[PDB]
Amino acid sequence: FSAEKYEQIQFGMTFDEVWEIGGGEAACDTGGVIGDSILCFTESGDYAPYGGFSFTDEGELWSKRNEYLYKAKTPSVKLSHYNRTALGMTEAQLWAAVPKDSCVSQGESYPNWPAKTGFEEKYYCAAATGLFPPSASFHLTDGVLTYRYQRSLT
């Protein structure tokens, strides 16, 4: 499985289409604690990068998520930047306060699929290189900030 497969996967796709693009049985799991959804891992190993995919009752992909499929080009978020974000700010406002090169997407979803209102994006911004650095996390719904969190930023 890989990031490039994650980008191939599309909202609306069926379980079988996702499973096929993701790598099938070699790279992906379903059932047990995953339930009806799919988890694919890029390699074995502790904290291996992964993507997850969930489907509507009608069988269509409404949610994509991942951790560590991407790495910030320039880990550099400061608590300073974080202090100048607030719920209600637009996404462009967010990127004017926080350096986008310091962040990566950890998912996108349409909780109302097949209606598109309420689309949600999740961003993860590492303050430095390595496994579990200090970070900030931001979620936006329809282009507006609706969740903000930080751990251990200077």
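Residue indices: 1-based, along the sequence shown.
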- Message: Tell me which stretch has the larger mean Cα B-factor in this entry, 104 to 112 or 41 to 49.
- Response: 41 to 49
- Which is higher on average in the deposited entry, the C-alpha temperature factors of 124 to 132 or of 61 to 69? 124 to 132
- Compare the C-alpha B factor of residue 117 with those of the other modelled residues in its chain, then answer lowest, middle or highest third. highest
- Query: How does residue 28 rank on Cα B-factor within its chain, lowest, middle or highest third?
  - Reply: highest
- Temperature factor at the Cα of residue 137, chain-ranked in thirds, falls in the lowest
